[PDB]
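Asks:
There are 2 protein chains.
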Amino acid sequence: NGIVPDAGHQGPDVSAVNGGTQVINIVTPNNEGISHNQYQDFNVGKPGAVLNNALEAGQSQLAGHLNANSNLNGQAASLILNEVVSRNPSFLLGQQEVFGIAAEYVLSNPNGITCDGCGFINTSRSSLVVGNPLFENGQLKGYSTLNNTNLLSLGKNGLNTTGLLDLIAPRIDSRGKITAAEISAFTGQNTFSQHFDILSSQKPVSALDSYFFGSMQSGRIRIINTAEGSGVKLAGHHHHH
Amino acid sequence: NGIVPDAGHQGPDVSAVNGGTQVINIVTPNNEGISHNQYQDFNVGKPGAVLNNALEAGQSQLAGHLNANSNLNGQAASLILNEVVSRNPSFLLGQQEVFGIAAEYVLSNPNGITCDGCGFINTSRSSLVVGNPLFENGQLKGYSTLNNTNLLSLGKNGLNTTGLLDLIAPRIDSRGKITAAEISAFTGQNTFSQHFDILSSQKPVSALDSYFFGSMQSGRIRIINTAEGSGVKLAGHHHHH
Numbered sequence: 030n031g032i033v034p035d036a037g038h039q040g041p042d043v044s045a046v047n048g049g050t051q052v053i054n055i056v057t058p059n060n061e062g063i064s065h066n067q068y069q070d071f072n073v074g075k076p077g078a079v080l081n082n083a084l085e086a087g088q089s090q091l092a093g094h095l096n097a098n099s100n101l102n103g104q105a106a107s108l109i110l111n112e113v114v115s116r117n118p119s120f121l122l123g124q125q126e127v128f129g130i131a132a133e134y135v136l137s138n139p140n141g142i143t144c145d146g147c148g149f150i151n152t153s154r155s156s157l158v159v160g161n162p163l164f165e166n167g168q169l170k171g172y173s174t175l176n177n178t179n180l181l182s183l184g185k186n187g188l189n190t191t192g193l194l195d196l197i198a199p200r201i202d203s204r205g206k207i208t209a210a211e212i213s214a215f216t217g218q219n220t221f222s223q224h225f226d227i228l229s230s231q232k233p234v235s236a237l238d239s240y241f242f243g244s245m246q247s248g249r250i251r252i253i254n255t256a257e258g259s260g261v262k263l264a265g266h267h268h269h270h
Numbered sequence: 030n031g032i033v034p035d036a037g038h039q040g041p042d043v044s045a046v047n048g049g050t051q052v053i054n055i056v057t058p059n060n061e062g063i064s065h066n067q068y069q070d071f072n073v074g075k076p077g078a079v080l081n082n083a084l085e086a087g088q089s090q091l092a093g094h095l096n097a098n099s100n101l102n103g104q105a106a107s108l109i110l111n112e113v114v115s116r117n118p119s120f121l122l123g124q125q126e127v128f129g130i131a132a133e134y135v136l137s138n139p140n141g142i143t144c145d146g147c148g149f150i151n152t153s154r155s156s157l158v159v160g161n162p163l164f165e166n167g168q169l170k171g172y173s174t175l176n177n178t179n180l181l182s183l184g185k186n187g188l189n190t191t192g193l194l195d196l197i198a199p200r201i202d203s204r205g206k207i208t209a210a211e212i213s214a215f216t217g218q219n220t221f222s223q224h225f226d227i228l229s230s231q232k233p234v235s236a237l238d239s240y241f242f243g244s245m246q247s248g249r250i251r252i253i254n255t256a257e258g259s260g261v262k263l264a265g266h267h268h269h270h
């Protein structure tokens, strides 16, 4: 049970199929088109996980044949926002697939996210946010990495997608191959709009250097570290003191 | 004599001061505001080099007190374009300073450029182009890295500027600290506008991977490798076969 939904009204239904692949019947999208799913734990194992955004039965790459998601009510999600609300970090050790209608994907976990052999299938854009979503008056206003020093770690088995990729965290430590249509890595302690415009930045109490080793295969790479006194280190497979 | 001007009408006057610092009295700017300087050799040693864009005498950081550049005729250059027209590559082992009116700076050398401890003082933007400028009807139309596999190398002593920085080459191999207001690295075999818009791209005969080791300290980093079958490698201090 790597994925454990919150017991409240934004907790989706989660089950597993043979091999261990988890299937998430995401919650009904709201008027903004956002399926806002809340979790006590969000972790993906080697067998992967499927987010069911399908209006009709069909074939999932990771799970096989699947039924439509009856939570949808005729309208698929535009954005699938997965928010870890507890203090548990997330480990993504396999692929995640949006089954059905392609959508944007966000995973927010201010406690940390580790990817190692992860990836995103049938997503137009996938964003990993070591931070929290910001809501005001019931609407998604953006995201915050303020007052946070936790890591977005990417391990030696890398991260693959053919959609856009955002890596949003106080700091990043990447050691593998990242493939995406475009890679945007925005680091430091920031507030963001829902589009990942940087709206404000804090000076951190201590340095927030990000480290990249491995490779990047993409059409465009953009890296912005807003933290004063910090930078982007391109090191080898180890970074010793 | 690291810097040797072309004998023709776009060859500037070059001399040296005590310590070996070279001083270039750049050619009169044309109607586009471009001082287009052509060289048989362009190399900067540890003592550095000064591009004289001054309308009045004053104090250069690298060379001391200097006279105004009498080639200017009351109008300073907006862009100082330094074009190596021979087959000799360029080695930049010290700082380059635009003395006088701040300007944009370009060095084009399709044979290769190596920076090691180089930097750019009093430049709003500095661009290192392992390629050629393109002229049509007497005007600067842009730049080309087509049909070229030469390197832009940045050594362990790095490259520093407080202005914008463009690194434009078939491939880049960087091993030091790059500091700039923004870093834009556009690699592959491309044509560019005068603003470094990518206008076209070729598929190279063989892979053109770029390698970065060291660090980047900047407000924004953008990397675009247009070469199919190639990528951006973040390796350690060596990249062994």
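Heads up: the sequence lines are chains A and A', in that order. A prime marks a further copy of an entry chain. Per the entry's author numbering, the first sequence runs over residues 30 to 270. Per the entry's author numbering, the second sequence runs over residues 30 to 270. Heads up, the beta-carbon is just placed ideally off N, CA and C, and yes, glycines get one too.
Could you spell out where the beta strand (DSSP E) holding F71/A opens and where it closes?
Replies: Neither: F71/A is in no beta strand (DSSP E) and is coded neither H nor E.
Asks: From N140/A to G243/A', what does the alpha carbon distance come to, in whole angstroms?
Replies: In a straight line, the C-alpha of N140/A is about 29 Å away from that of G243/A'.
Asks: Using a Cβ-Cβ distance cut-off of 8 Å, determine whether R251/A contacts chain A'.
Replies: By this cut-off, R251/A is an interface position.
Asks: Taking only beta-carbon positions, decide if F149/A' is within less than 8 Å of chain B.
Replies: In the structure shown, chain B does not exist; the protein chains are A and A'.
Asks: For the beta strand (DSSP E) that contains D202/A, what are its first and last residues?
Replies: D202/A -> beta strand (DSSP E) spans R200 to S203.
Asks: With a threshold of 16 other CB atoms inside 10 Å of the CB of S155/A', please say whether the residue is buried or exposed.
Replies: By the neighbour-count rule (16 or more Cβ atoms within 10 Å), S155/A' is buried.
Asks: Can you check the stretch 117-191 of chain A' for any beta strand (DSSP E) of at least 3 residues that lies completely inside it and give the ranges in chain order?
Replies: Fully enclosed beta strand (DSSP E) runs of 3 or longer: 119-121, 124-129, 132-137, 142-144, 147-150, 152-158, 161-165, 168-173, 180-183 and 188-190.
Asks: Taking Cβ-Cβ distances shorter than 9 Å, what residues in chain A pair up with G187/A'?
Replies: Residues of chain A passing the Cβ test: none, with the nearest at roughly 12 Å.
Asks: For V43/A', which of helix, strand or coil comes out of DSSP?
Replies: Strand.
Asks: In the DSSP output, what is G87/A' paired with across the bridge?
Replies: BP columns for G87/A' point to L95/A'.
Asks: Once DSSP output is grouped into helix, strand and coil, what is the label at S107/A?
Replies: Three-state DSSP puts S107/A in coil, outside helix and strand.
Asks: Expressed to the nearest angstrom, what Euclidean distance is found between the alpha-carbon atoms of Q39/A and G258/A?
Replies: Straight-line Cα distance between these residues: approximately 39 Å.
Asks: Give the secondary structure of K206/A by DSSP, where H, G and I count as helix, E and B as strand, and everything else as coil.
Replies: DSSP places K206/A in strand when its eight states are reduced to three.
Asks: Is there a Cβ from chain A that is less than 8 Å from the Cβ of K232/A'?
Replies: No, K232/A' does not count as interfacial toward chain A.
Asks: Where does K232/A fall in DSSP's three states?
Replies: In the structure shown, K232/A sits in coil (DSSP, three-state: anything other than H, G, I, E or B).
Asks: I need the boundaries of the beta strand (DSSP E) containing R251/A, first residue and last residue.
Replies: Element bounds for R251/A: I250 to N254.
Asks: DSSP three-state call for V114/A: helix, strand or coil?
Replies: Residue state, collapsed to three classes: coil.
Asks: In the DSSP assignment, what are the bridge partners of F242/A?
Replies: BP columns for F242/A are empty, so no partner.
Asks: Sort out for me which residues DSSP pairs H65/A with in a bridge.
Replies: Its beta-bridge partners are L110/A.
Asks: Could you tell me how far apart the beta carbons of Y240/A' and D202/A' are, in whole angstroms, since I believe they sit closer than 8 Å?
Replies: Confirmed, Cβ separation roughly 5 Å.
Asks: Consider the Cβ of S244/A': report whether some Cβ of chain A lies at a distance smaller than 8 Å.
Replies: Judged by the 8 Å Cβ criterion, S244/A' is in contact with chain A.
Asks: Give me the chain A' residues within the contact set of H269/A, using Cβ-Cβ distance strictly less than 8 Å, ordered along the chain.
Replies: In chain order: nothing, as chain A' lies at least about 11 Å away.
Asks: How many Å lie between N102/A and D238/A' at the Cα?
Replies: Between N102/A and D238/A', the C-alpha separation is close to 48 Å.
Asks: Have a look at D35/A', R204/A' and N254/A' and flag the residue whose alpha-carbon is nearest the alpha-carbon of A210/A.
Replies: Checking every option, the nearest Cα to that of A210/A belongs to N254/A'.
Asks: What does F241/A' touch in chain A if you count any residue whose Cβ is under 7 Å from its own?
Replies: Result: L263.
Asks: Is there at least one Cβ from chain A' nearer than 8 Å to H224/A's Cβ?
Replies: Not one chain A' Cβ lies under 8 Å of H224/A.
Asks: Using CA atoms only, rank isn't needed, just tell me which of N81/A, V33/A and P58/A is closest to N72/A.
Replies: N72/A has its Cα closest to that of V33/A, out of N81/A, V33/A and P58/A.
Asks: In whole angstroms, give me the CA-to-CA distance for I130/A' and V52/A'.
Replies: One C-alpha to the other measures close to 15 Å.
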